[PDB]
Amino acid sequence: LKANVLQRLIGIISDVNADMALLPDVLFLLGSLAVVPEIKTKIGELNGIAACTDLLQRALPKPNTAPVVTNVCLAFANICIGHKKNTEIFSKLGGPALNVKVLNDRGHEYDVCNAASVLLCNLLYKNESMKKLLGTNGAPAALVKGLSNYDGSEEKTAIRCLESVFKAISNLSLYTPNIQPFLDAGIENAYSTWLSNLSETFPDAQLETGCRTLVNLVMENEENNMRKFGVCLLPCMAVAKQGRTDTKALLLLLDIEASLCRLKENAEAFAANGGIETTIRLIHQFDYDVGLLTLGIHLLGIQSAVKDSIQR
């Protein structure tokens, strides 16, 4: 305080002609000092969040700003997390919408997408205020857009990105209010594209994180919703032929199917696409797995009702 460190960082952030190589590090340090709850509030008070929102605004359309945009987003995440007073200064500055803008306008950039998604989650934490706002802010859509924009790349950047987009989606869905938005946004069509573009090379850990949400999306037996996510059957099934050994991944993949196959339209599709054949091929390899057995026979139990299936 006596050396006016915060004001100095804050000033460099404000200097329209700041050194573009140093500024990432400036942003990172500011956010880091928020670790001491005193300085966190005092950044808010010393008009830091404003200097940061201004910088995000004048940096979004510029090129060669990826380091700057990610770090400002993260700084926001470390400054606002469970800090109502600082969260409110952010909201009154229109920061939620900025976040969504960052996802919508710069989802192609892996480091950026990642940081923006972290910000979202860091706001939702504790602040219900934040929960509702983002569901309406158009955030749900942006996330979905990103999922549907995944290129199936397998670089750490990309991977970490997804794991963060998915994390956001989940922490949003946590609030029942913000579920429906996602459905209007067409999450179903995105998940489908994701699975349909996946590879056997694709990391199993991610598959989990992903499917884990789908699982919840389709958990209840709302007939219409099963119809809604019907697009997710044939790709869920193609991805289970691939030949993985992650039991915890396959459990989800089949749980998706089991939920879905509570609809005769999908049960039949399952059957017609050699679902039952591949289900027993799977059950065999993994018959040590108490759960994947429990779910594979349950998934066959539906098929006694289906026609021309007992024969199959």
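Residues numbered from 1 in each chain as written, not as in the entry; some residues may be left out. Part of a larger assembly, values for the part shown. Heavy atoms only, no water.

- Determination of this PDB entry was carried out by X-ray crystallography to a resolution of 2.675 Å, according to the record.

## Some remarks on the overall build of the protein chain
So, point 1. The helix and strand tally for the protein chain stands at 20 helices and 0 strands.
So, point 2. A principal-axis box enclosing the C-alpha atoms of the protein chain has dimensions of 80 × 35 × 35 Å.
So, point 3. For the protein chain, with 312 residues in total, the buried portion stands at 51%.
So, point 4. Considering only residue pairs separated by 6 or more positions, the protein chain has 74% of its internal contacts joining residues 24 or more positions apart.
So, point 5. Carbon and sulfur atoms provide 55% of the accessible area of the protein chain, an area that totals close to 14600 Å².
So, point 6. When the 29 basic and 32 acidic side-chain charges of the protein chain are each reduced to a single mean position, those positions are 7 Å apart. (Helix = DSSP H or I, 4+ residues; strand = E, 2+ residues; numbered from the N terminus. Buried < 20%, exposed > 50% of the residue type's maximum accessible area, 1.4 Å probe, protein only. Contact = heavy atoms within 4.5 Å. Areas by Shrake-Rupley, 256 points an atom, 1.4 Å probe, with all protein chains shown as cover. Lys, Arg positive; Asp, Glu negative; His and termini not counted. Charge placed at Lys NZ, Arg CZ, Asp CG, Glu CD.)

## Concerning helix 14 (residues 204–217)
So, point 1. Compared with an ideal rise of 1.5 Å per residue, which puts 14 residues at 20 Å, helix 14 spans 20 Å between its outermost C-alpha atoms and is within 8% of the ideal.
So, point 2. Among the 14 residues of helix 14, 10 are classified as buried, and the element is accordingly described as predominantly covered.
So, point 3. Buried within helix 14 are the following residues: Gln206, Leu207, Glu208, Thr209, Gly210, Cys211, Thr213, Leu214, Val215 and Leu217.
So, point 4. Looking at the buried positions of helix 14, the neighbouring elements they touch are helix 11 (156–173), helix 13 (187–197), helix 15 (223–228) and helix 17 (247–260). (Expected span 1.5 Å × (residues − 1).)

## Focus on the packing of helix 17 against helix 20 (residues 290–301)
So, point 1. Where helix 17 contacts helix 20, the axes come no closer than 10 Å and their chain directions differ by 20°. Relative to helix 20, the element helix 17 is oriented roughly parallel. For the pair helix 17 and helix 20, the sense of crossing is left-handed. Each of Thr247, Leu250, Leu251, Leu254, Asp255, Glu257 and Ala258 in helix 17 lies in contact with helix 20, whose residues at this interface are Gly291, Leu292, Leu295 and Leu299.
So, point 2. Of the residues that constitute the contact of helix 17 with helix 20, the class distribution is 7 nonpolar, 2 polar and 2 charged. (Axes fitted to C-alpha atoms, helices over the stretch in contact; angles between N-to-C directions. Parallel < 35°, antiparallel > 145°, perpendicular 65-115°, else oblique. Left-handed = near helix turned anticlockwise from the far one by under 90°. Nonpolar A, V, L, I, M, F, W, Y, C, P; charged D, E, K, R; others polar.)

## Focus on the side chain of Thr53
So, point 1. Inspection of the secondary structure puts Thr53 in helix 4 (residues 48–59).
So, point 2. A residue is classified by how much of its surface remains accessible, and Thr53, at 1% relative accessible area, is buried.
So, point 3. At 2.7 Å, the side chain of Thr53 and the backbone oxygen of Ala50 are in polar contact.
So, point 4. Apart from residues no more than four positions distant in its own chain, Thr53 is found in contact with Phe76, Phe90, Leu93 and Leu98. (Polar contact = N/O pair within 3.5 Å; in protein donor to acceptor, adjacent residues only side chain to side chain.)

## Regarding the packing of aromatic side chains
So, point 1. Summed over the entire model, instances satisfying the criterion amount to 7 aromatic pairs.
So, point 2. Between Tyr191 and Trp194, the ring centres sit 5.9 Å apart and the planes meet at 55°, which makes this aromatic pair tilted. Taken together, the positions of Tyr191 and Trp194, both in helix 13 and 3 residues apart, correspond to about one turn of that helix. Here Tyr191 matches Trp194 in class, with each residue buried.
So, point 3. Connected via pairs of aromatic rings, a cluster forms that spans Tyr150, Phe166, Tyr191, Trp194 and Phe202.
So, point 4. A cation over an aromatic ring shows up here: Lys228 above the ring of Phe229, its NZ or CZ 5.6 Å from the ring centre. (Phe/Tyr/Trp six-rings, centres within 6.5 Å; stacked < 30°, edge-to-face > 60°. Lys NZ or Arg CZ within 6 Å of the ring centre and 35° of its normal.)

## A word on the packing of helix 10 (residues 139–147) against helix 11
So, point 1. Taken N-terminus to C-terminus, the directions of helix 10 and helix 11 make an angle of 145°; their axes are 10 Å apart at the nearest point. Judged by the twist between their axes, the crossing of helix 10 over helix 11 is left-handed. Residue-level contacts link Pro140, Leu143 and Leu147 of helix 10 to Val165, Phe166, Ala168, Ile169 and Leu172 of helix 11.
So, point 2. Grouping the amino acids of the contact of helix 10 with helix 11 by side-chain chemistry returns 8 nonpolar, no polar and no charged.

## Thoughts on the pattern of salt bridges
So, point 1. All chains considered together, the criterion is met by 9 salt bridges.
So, point 2. The salt bridge partner of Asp111 is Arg160, with a shortest N-O separation of 3.8 Å. Taken together, the residues span a long stretch of sequence, with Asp111 in helix 8 (residues 110–124) and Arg160 in helix 11 at a distance of 49 residues.
So, point 3. Ionic pairing is found between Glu163 and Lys167, a salt bridge with its closest N-O pair at 3.8 Å. Here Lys167 and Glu163 lie together in helix 11, a separation of 4 residues that amounts to about one turn.
So, point 4. According to the relative accessible area criterion, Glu163 is partly exposed, its value standing at 27%.
So, point 5. Via salt bridges that share partners, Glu223, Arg227 and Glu265 belong to a single interconnected network. (Salt bridge = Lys/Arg side-chain N within 4 Å of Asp/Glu carboxyl O.)

## Section: the nonpolar core
So, point 1. One finds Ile13, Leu30, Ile187, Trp194, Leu214 and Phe229 to be the most contacted residues of the largest nonpolar core, which totals 102 residues.
So, point 2. Filtering out sequence-adjacent residues up to four positions away, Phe229 remains in contact with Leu183, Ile187, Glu188, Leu214, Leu217, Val218 and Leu260. (Core = buried A, V, L, I, M, F, W, Y, C linked by side-chain atoms within 4.5 Å.)

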